[PDB]
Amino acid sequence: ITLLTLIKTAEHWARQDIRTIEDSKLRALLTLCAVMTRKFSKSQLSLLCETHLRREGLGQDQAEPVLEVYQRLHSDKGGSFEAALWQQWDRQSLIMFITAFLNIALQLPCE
């Protein structure tokens, strides 16, 4: 779980169709997103949210939930928030969020 492995793994999966992947792999991609969110400073979370909304064509009325996910992944301890996301969100929502994030994460300034 090095910086190099994280980036290579994110590059690989950013470009995959994950609509039909296995739950075990989808769960691991959620962990990947959580770890990668923690490579951004708090100061960049608003930009990460805005870039996510723009990429996904989401209205500003969806800013608050998108930002909350990034904030709470960033502050997560013991994977508690991450585990809640997995439990409480539907599969389609997890897929959409994960693909979005993996495609923006390497393109944005992290500090």
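Start at 1 and count along the sequence shown; that's the residue number.
Engineer: Between 48-56 and 26-34, which has the higher average C-alpha B-factor in the PDB entry?
Structural biologist: Looking at the record's C-alpha B-factors, the answer is 48-56.
Engineer: Name the residue from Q87, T20, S93, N103 with the greatest C-alpha temperature factor listed in the entry.
Structural biologist: Among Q87, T20, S93, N103, the highest C-alpha B-factor in the entry belongs to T20.
Engineer: Test of reading the entry: by CA B factor among the chain's modelled residues, which third contains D76?
Structural biologist: Middle third - that is where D76 ends up once the chain's C-alpha B-factors are sorted.
Engineer: Report the third (lowest, middle or highest) to which the CA temperature factor of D61 belongs, ranking only the modelled residues of the same chain.
Structural biologist: As the PDB entry reports it, the C-alpha B-factor of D61 lands in the highest third of its chain.
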